[PDB]
Every structure is written in C-alpha cells, then in structure tokens.
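Participant: Have a look at the structure that comes next, please.
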Amino acid sequence: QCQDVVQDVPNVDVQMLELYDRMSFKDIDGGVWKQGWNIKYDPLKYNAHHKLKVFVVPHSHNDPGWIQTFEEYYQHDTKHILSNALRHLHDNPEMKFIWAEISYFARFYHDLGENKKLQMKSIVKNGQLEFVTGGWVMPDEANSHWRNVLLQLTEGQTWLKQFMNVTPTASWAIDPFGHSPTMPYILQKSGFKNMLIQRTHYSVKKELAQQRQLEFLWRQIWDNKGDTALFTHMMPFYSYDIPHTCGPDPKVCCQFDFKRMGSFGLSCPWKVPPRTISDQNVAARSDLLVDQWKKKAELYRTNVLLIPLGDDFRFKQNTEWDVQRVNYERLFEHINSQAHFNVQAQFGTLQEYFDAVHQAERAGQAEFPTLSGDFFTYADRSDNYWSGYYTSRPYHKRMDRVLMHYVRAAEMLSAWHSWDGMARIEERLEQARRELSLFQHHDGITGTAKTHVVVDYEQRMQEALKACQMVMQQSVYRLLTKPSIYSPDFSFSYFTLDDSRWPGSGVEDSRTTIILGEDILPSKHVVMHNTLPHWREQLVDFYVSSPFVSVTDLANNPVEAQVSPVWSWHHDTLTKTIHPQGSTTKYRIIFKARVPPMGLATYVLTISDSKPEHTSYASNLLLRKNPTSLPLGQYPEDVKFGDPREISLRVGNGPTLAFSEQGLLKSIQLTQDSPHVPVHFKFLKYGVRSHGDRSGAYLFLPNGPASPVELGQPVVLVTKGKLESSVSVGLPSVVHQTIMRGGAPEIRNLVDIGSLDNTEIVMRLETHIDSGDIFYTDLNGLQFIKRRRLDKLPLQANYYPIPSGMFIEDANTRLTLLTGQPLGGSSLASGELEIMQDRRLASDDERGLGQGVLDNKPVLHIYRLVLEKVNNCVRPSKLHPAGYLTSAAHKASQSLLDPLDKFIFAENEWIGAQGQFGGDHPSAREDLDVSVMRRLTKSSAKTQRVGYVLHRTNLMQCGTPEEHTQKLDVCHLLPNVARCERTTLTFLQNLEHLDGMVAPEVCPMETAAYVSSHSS
Ligand SMILES: CC(C)(C)c1ccc(CC[C@H]2CC[C@@H](O)[C@@H]3[C@H](O)[C@H](O)CN23)cc1
Ligand SMILES: [Zn+2]
C-alpha cells in the first residue's frame, strides 16, 4: 500500500544533486545571451502544416510590501492598476491579463461598487482576467514553513472561490530567490496541474536549456512511483522583465517594451529605443521579433511558446495599456497574415499556454523528462549567491515561527465549539491568518524590505498575536468551566498567556509574575494546552513572588517542583563586563506538566511560610575573577563563587555534558559507560570585502573564512537543579546558554550584534564525525535533503536554508541541530555544522533595496542538540537524495515549534474550574500530526463542518520496540458526525466520500485533508 520512502532510489532523468556533482559552473560570455550561447534554428522547422503558436501573456508584479508598505503601494499604484485593468479589459475583448497576489485583489474588490463588482466577475468568467496561483502572496520558498505556505494559499483560494467562483490550477512564481520542491508537493495535493518558476542559478538554466529540459515532471526526492509529479516550466533567461522574456537578446527585446520611449521616464540601457509600429516599419520590426521568438522556441519541445509581457507594478496608466496593446495588435495582424513566418501569435493567459502544451503532448509531439531535487542556492550572476537572506532580519524570522504556532493553537482550541457572532472569534482568527499570510511574501520573512516596511510587518504580527491570545483564552475558559456556571464576557481576559521564549529574557520584560501572599492571595490556577495529538510531558516554568511555592494537580496530588532565581544579563558600561544580576523580588518555579492529546491540564500553585516538602531549590555558582556578592532575598540557598574552571553536569539519567572554562560545550557522554564524544561550540565572525561587490540583505560575499570571536575572560553562571540545570556565559554580542532537563540539551542565544558594522556572527559545532563532504538540511520543515559541499564553488554557494534543522553523520554517529527559527548554515569541513545568528551590513548589494541592514535588534534564538548512535538504523542507500530524522530528533523539533501553551488565571477565584480536557482523545503514533484543525462554518449553519490537515513524517527504524498507540480518526473527534470527506489541502474540493465516516491515517511523507460534517 504505502510507498517505501527509504529503500528504493527513484529513477529520474534529472536529479539535482547528481547534476551539481557533474556541472562545471563556468561563467563564460555567451554573447547577446550573456549566460547562454548564440542560438541557431532551422527556418524550415515551421511550415504551413506545423506553425509556431505564440501566447503573449500581459502581467504586473505587485509586491505586498518592499520599498513601500502594503497600504502605500495599494494607494499609489495597485488600486490604479486594477481599476485600469477592469476598464481596459472590459473595452477590449481580445486583451488578456494575469493576477497573482490575492491580498491586493481582495483589498480592491471590497472597495468597488456593485456595478463594477459585476463587471469584474464578467471579465473573470469570460477568461480575460485569469488568477494564477491564487495565494494571498507569492511566498518565499527558502525560509517559509510548509504549514504557512499552505495557510496563505488557502487564504487566497478561499477568497477566490467565494467571490469569483474560480480555483486556479496553474501556479506563477517569477520572483522568489530560488525554488523549493515543497511547492509542487502542496500544489499537487491542492488540485494543481501546472507551475512556472524563474529564479534558478544561471548555470542550471544553461545546462537544462542545452538538453531541452526546462519543462519537466517535478516529483519529490523519495517518490519512486511518481504520484507526486507536477508539470513545471522553468523560464530560460536572467529576468521576468520584457528585455529578458521575448528572446535571448535583450537589446532587441527592450525595443518591444512600448513603455520605454521617454514620456514614462523609462529607457533601454542597451541604447536602442522602442519605436511606434507603423505600416512602413512593421515588416522589419516583425522580422526582428519573430527571430527572437524562434530562438526562444529552440529551447523547448513543443510548437507552443510562452512570452510573458510585464514588469513590476506595470499596467498602471491608461496610456500604458494603450501603448502596449495597440503596438502588439499591429505586430500580430502583420505576422499572422504573412505565411512565410508560419506563426500564429495572440494575447493569452497562463492556463491557455499550458492547455496547448498538453494538447501537443497528447498528439505525440513531445515527451517530458522527470526531475527531482531543489533550486538552492540561487546566483543571478558571477559569484553573487543569494544566501544572505537566509539570515537577514532574524528577529522577524523567529517571530514567524512563534505566530505560526499561536495561529494553529487558536484555530484548534476554538474549533471544539460553535461561537456566537458577538464573540468575534471568526473576525480575530481571519485577522491573524491574514497578517501571518502577508509575512510569507518574498520581501517579508526574507528580511529584504526597507526598515519602515519591516516595522509595518512587525506591527501587523503583534496585532495577530494579540488576536490569537484572545481567542485561546476565551476557549480555555469555556472548555474548562462547568457548563451551567460558564458566564462569558467576550471582551474580558480570563487568562493571560505566559511565554518563556518570546520575545524572551533580555529582549522584552513582558511576563507577569504570579503574586501570592498570606495577606493577598494564597493560590493560583494555571492551565497547559498541548496542540499535538499524543499525550505529552514537558517542563513548564512561571514567575512567582515567593520561593516558597508548591504545585498540585486538580486531584490535589503533589507535583515535584524546582525553584531557581530569575537571572538577567547586563552590559555593565562601568566595569566593562557582561554579568548576571539576580532578582530580589521574583523567582522561577518549574514542574513537569502532563497533558492529553489536543487537550488541557489544570494545576495549582500555593504559597507557604517555609520550604515545601515537594519543592527543591537549585544551587548557583558564578565563575569569574573579581566576584562581588549576589543576594537573592528569600531564596534559601546562597550563591557560590569561584575562578573559571572546567565543569561537568548531568540531569537525571540523561547525558553528561562537559564545558570549557569559557562556558562552552566540549563533550557529550551519552551513558555511564560510554565515551566522552568531542562536540565543541565556537563563535566566529565573517566580514565584508574591501573591494568589489559588497554583502547586503540578499548577498553573502564574505572576505574569506570566519575568524574566532575574541572571548576575553567571560563570566560563566552554573545553575544545578534536580529537574533543570544550565550553563550560561556572557560573550561579546551573545549570551549563550545550554539547558539540561534529562535529554538532548536546549541551546538559547541572546544575540545583540550592537554597532558592529560589516559583521556576520556564526555559531559553529566542531566534531570528529567522519562526514566528509556530506550534510543534510531541511526544506520548509517538511523534508530533509542531502547536500554535498563543493569546493569548486565559493564559500557562500555552500550555504543553504536551515528552516528547521540540519545534521551530519558517519557510519556510527550523528549530530542533529534543530532550530526554532529559519537561519542560513552549512558544513564547510568534515565533522562541522554552522549556523548564522545575525548580520549587520553597511552597504547596499544592488538588488533594488537601496539600503544596508543596520536595524538589528536583540533576538533570542532557540535550538536542540541531539547526539545519537546510528550504526543500528536502517538508512537510505548511498545514492538516495533524502535523509530522515530519528524519533528523538523529531520530538526535539516539535518541542521548539509547538511547545505547551501556558495560561495564568487572571482573577482571584475561578468558579466552576475543571481539571482536564481531552482525556478521551486518541493518542496517535508519534510520526502523525494534526497540522491544522479549523471549523469551516459559522454558528448559523445547520450542518457544521470541521477541516483537518493530517501529516505523517518518516522516522528511522533503529531497533526501538514500537509500543501500541491508538488509531486516530479525525472524523469522530466531534460528536454527531453525518459525513466524512477527503478534500484538497485547501478544503475547497471534495475528492472522496468516506465509508463509515472514518478518515484513514496517511502514509509516511504524505499529507491529507478531511472534512467532517455534523448535525447541529
Ligand atoms: C538596478 C536596481 C535599481 C539596483 C534594481 C536591481 C534589481 C531590481 C529587482 C529586484 C527583484 C529581486 C529582489 C526582490 O526583493 C525584489 C522585489 O520583490 C521586486 O518585486 C523586484 N525584486 C530592481 C532594481
Ligand atoms: Zn517581487
């Protein structure tokens, strides 16, 4: 039944890792096609019986924020583009136009009067205006999580189905900076038949063009059968603009951009202007244009040619619509009437192009190659590799992952009930989904926008977090209060969220202290939520106003707890040291919470006069020369001091970690008997070139390999507890922390690059693992792909996105680093892993942004570090392009991305409180996730509908007995089920009516969607 994703290497015509190994990547002058060759064709190829069919496709690339904000561009440009498209298409029935960004289209359509709404629907229904992709945005493909690529796709397509009555089946991605196979994966499971891409390495375009492999069936790297395949068109030239879309010679194509004659303030840099088409020049102009088209056609296999016609924010002015349309109409009338050309040219849409290509395929005219792999890391010219944006603006990259999880938790917690309109649940969730979707844009999460635009995206995401908190806390109050007592004010705050890692300690003082006292309040209820569909334990922590606090469950059973101080790090501008201060007023309490699948668990925190029986207190040791006292108020244990030294720590039965005198990891010992395996953390810095091209928001152009950060004699703080221990050190630009709770450690870096211009800070791991030139990185949090370091390419070409994790391995040992934020990284030598923390760049890199990156702010990066023996694991063969996580590594990733949520009851007494929700939910096998749970109907619908996205990853078999778990049937999670359907991933089309109303579990590496219908 299920394909084996480990043991069968797919047979494909093009495999990108293998192609990379063989290619030479020489950057030679190809002539007018600077990165190609002088294309030749046989004029006799086309004739009366075999004509070249040419589709000229007008378009306008509209960024939802870049140099201006979304709203600034809407007011200045996009509202005029859309208004004039409506008028011009209405008045000219043969003219066509494609549109990608639904965030803008929705913003426009809601402001139109009814007369114009009807006109707009008519030009869509008749095929003149065609939506391509239909997502909220055209997202980044490097840093984005697959869950959020799906979220923004669904937001735009749901809008289109409701208001336009259409669902695109062709995708258009002309500007993201390199391309991911996560896109065809999601698109093919969302009803798509075709997709188009543009920004791939110039050497890749040349190689594929020579073999006519620019159109291909793109399947996943593990897919042996080919059921994931999606037909893909790669454009062949340097840009999507008119000079790089008519043919190989931009000096010629520029003459066919009729906006460049002067009055629009545009010109042709190749020094020959366009000229108005007339009866006296149309034969010579047609000669030149058809010659360009026939050259382009030589690179493809059918007699159907795609010619995009557009650029950024084009088709704004009425006069521009006229100048392009009238000149092209004169060319078509001539060309189409001159038999000697054997061409039929017309305005078209993207779908019309793909339909004609496949008609040719079915007529036996062409067969297409199969392809797997990705298209990172992009270079547009010379050694200019776009690996800088894997790290740029890292504060907002981390915020993306925080809001990702809060959107999932708010949608899931509120899905359990139907809500009155007055509760504003749908309103708040729509806002949250739309702001997170907007940020997936290729100038949002990428960190490539102007400073004031980054500020706009941040403000929008903060509003979205506040929306999620409101929805979550109203839902907890309803799920855990006796129904006949439940008395909501939908504007009131019953709970406040407590989040230990966002914005994080030393970033923002945002967390509330639980205030207890004999003369004010003896106790406080807290609740934990677990969005994952299996029973979960996790340590949780809260700030409390006394160290003498104990924890009980809601059966009044004692729960073991640990109290630690609250430590903050300060750059002391007097002593010129970075050192910690302990609170005299607040303390941390830590305990293990145990929470049902997709459920809630309540605990109680109670003050006492003295040390509680079931609460312990951490010891604290400050290692530094020249110490001064550190008082901690009521904290029962005195801080200890010492000169810097090496130290070792072990929590529970977990690993034993050894640290250098500078507070950095030096070894891990897995068990009592086992070796101390060398695993060393080191911080280094890259700089910028003093001559030639400069690093900026997009480009990473280092001045050689990185140099060690000079550490001096840093201050190291060691906290030792029964439940949690840690080592923290104040380094220049980074407070580095290693935390131990009995399994793989958690690493946290508080990164403040300060005023260090032209510096990139990297965290490196050095091991003696015999990895050679191989490492693995993930794609969109969905899959791990094999990388090979290539010494034939420069350092920056060997950097890849690290959206969620990376690893190196040999026959016996693996080291995996999981991340809570997307960052750039590599393995530049055998046994090494490295990941960039932040970058501050004084110069612009000449890709249109017009500024460096000088707006850095403190960010708390989070990680898990997993060292494992792998000699017993069943792994793919040497030729397989994929890799897979172990159970421990996958759970460590989930701990970063989807932790327990923590709620503190706001008032003094919670009347009607209950102890647990979800105790009867099935606890599914560990590789299965409910990625999305979303109610799809408002309260007035007679038949309620709930949508689920189910994802099964693939974990290595390494000899651990599988325990029994329960089957998860999402269609029976809510009562009174009347129907269960399998749908596309956007929920917009029903694909299968399911027997017995049971939703089957999915295969490894597959994602399915189901909708349950319920009688209400
Ligand atoms: C020549 C000059 C002015 C430096 C320049 C260079 C490049 C560009 C286009 C940049 C591309 C790729 C990066 C990307 O950030 C931008 C926006 O998303 C916009 O849609 C055009 N894109 C625009 C202008
Ligand atoms: Zn763009």
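One-based numbering along the chain as shown.
Looks like X-ray crystallography, 1.4 Å, at least that's what the header says.
Just so it is clear, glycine is given a Cβ too, placed from its N, Cα and C backbone atoms.
Not my notes, these are from Swiss-Prot:
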- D175: active site, nucleophile (ACT_SITE)
- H61, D63, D175, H442: Zn(2+) binding site (BINDING)
Participant: Cβ distance under 8 Å to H442 (Zn(2+) binding site), same chain, sequence separation 6 or more: which residues?
Facilitator: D63, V137, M138, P139, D140, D175, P176, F177, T448
Participant: Enter the number of other CB atoms within 10 angstroms of the CB of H61 (Zn(2+) binding site).
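Facilitator: Its Cβ shell of radius 10 Å holds 18 other Cβ atoms.
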Participant: What is the set of residues, excluding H61, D63, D175, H442, whose C-beta falls within 8 angstroms of the centroid of the C-beta atoms at the Zn(2+) site?
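Facilitator: Near the Zn(2+) site, the remaining chain residues are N62, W66, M138, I174, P176, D312, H441, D443.
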Participant: Other Cβ atoms within 10 Å is the metric here; tell me which of the recorded positions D63, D175 scores highest.
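Facilitator: Its Cβ has the most other Cβ atoms within 10 Å: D63.
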Participant: Reduced to three states, what secondary structure does DSSP give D63 (Zn(2+) binding site)?
Facilitator: coil
Participant: Using DSSP and three states only, what is the residue listed as 'active site, nucleophile'?
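Facilitator: Its secondary structure by DSSP: coil.
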Participant: Check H442 (Zn(2+) binding site) against DSSP and tell me helix, strand or coil, would you?
Facilitator: coil
